[PDB]
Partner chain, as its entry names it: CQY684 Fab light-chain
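One chain follows as C-alpha cells, the form deposited without the partner chain.
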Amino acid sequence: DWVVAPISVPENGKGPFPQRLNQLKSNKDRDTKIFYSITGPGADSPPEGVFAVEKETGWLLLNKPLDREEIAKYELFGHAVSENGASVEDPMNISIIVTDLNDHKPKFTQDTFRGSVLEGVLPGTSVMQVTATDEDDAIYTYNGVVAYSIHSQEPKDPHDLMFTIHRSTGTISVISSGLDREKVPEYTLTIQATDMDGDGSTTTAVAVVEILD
C-alpha cells in the first residue's frame, strides 16, 4: 500500500504556526464528502494538540516549535470518515521525525573532578579522566561531539603547563617533569568541553590534581 512517508521536521522552527506538513487524502472523496481526523501521542494524547488536521482539506498541521530532546519521533494515525458517519479507510500511520539542531552546550558530569598522581612519574603518564556529555545528535552531526581542552593551570610552578588532556577522551596526562609534592602539592586546572568537536559552544569545569608523595 501507498502510504505517507515519514515527515522530517527540524526542531525549533520559526513557523508561522500552524504549519502545513502534508495533505492527507482519501480517494473516496469522489463519491462522498470526507472528514479527516488524527489520533496518537501529540494529537489526542499527551502532549495533546501538537499536531492537528484540518477536518475538510486533510492538511496535517504542526502547531508549535518542536524539541527533539523532548520527543524525537511521533507516531500518529490518520482517519477518514464520510459525512454519513462511516469510517471509509483503515487508519493510516504517520510518522513525524524531529531532526537536530545544536541547541545544547556540553555539560560536565561534575563541576569539580579530583584525581591524583605521584611525583616523578614519566612525562606521558595518565593522571585521571574527565567527562562532559552533550544532548544533541552525535551520529550524523558533531552537535553532540565534545572536544576537551585545558584553559589554564594554577599555580604556574614549576612550569606553566604540566598537564595536557586528550581531546576526545578527557584523559589528563603529565607532559612535564618537576612535579614535587613538597613545593606544589596540588593543582587546579580549568578544563573545557566544546561541542562541534571544537568549533562549537564551550562549557567550563575544574580538575584538582593531588601530587602524591
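Numbering follows the first chain given and starts at 1.
Just so it is clear, the following notes concern the form solved in complex with the partner chain, a form of the same protein that is not shown.
Participant: Is it the case in the entry with it bound that 18, 53 and 57 each bring at least one heavy atom within 4.5 Å of the partner chain?
Facilitator: Affirmative, all three are within 4.5 Å.
Participant: Only one of 156, 64, 183, 151 gets a heavy atom within 4.5 Å of the partner chain in the entry with it bound. Which one?
Facilitator: Among 156, 64, 183, 151, a heavy atom within 4.5 Å of the partner chain in the entry with it bound occurs only for 64.
Participant: Using a 4.5 angstroms cut-off on non-hydrogen atoms, would residue 160 count as touching the partner chain in the entry with it bound?
Facilitator: The answer is no: residue 160 has no heavy atom within 4.5 Å of the partner chain.
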